[PDB]
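S.K.:
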């Protein structure tokens, strides 16, 4: 039943899902920190 | 120095690198298990 309902997804328990969520949060934080400061300055100036 | 040597790579300590290696091993195992059995049977028959 698990294989049929999720042909492209394997077992996802609490530990693996929590680790994946933590990794996704870390990747999002990294991407946020990697944004060019010039775009931030332009957006902030325009909004203000 | 760390930022300049690795412009596209952030800090990679023992814990994060070990976790990334474990995740890569798990992904490789998942991909190995997800290979179609027919291709395995054909390859094994031809090799034998």
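Residue numbers (our numbering), protein chains in the order written: chain S, 11 to 58; chain L, 11 to 58.
We put the beta carbon where it would ideally sit given N, CA and C, even for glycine.
Going by the CB atoms, is the gap between residue 21 of chain S and residue 12 of chain S shorter than 8 Å?
M.R.: Their beta carbons are under 8 Å apart, which means residue 12 of chain S touches residue 21 of chain S by this criterion.
S.K.: Anything in chain L within Cβ reach of residue 40 of chain S, meaning under 7 Å, just list it in chain order.
M.R.: 20
S.K.: Roughly how many angstroms separate the alpha carbons of residue 16 of chain S and residue 41 of chain L, rounded to a whole number?
M.R.: 15 Å
S.K.: Quick check on residue 24 of chain L: does DSSP put it in helix, strand or coil?
M.R.: helix
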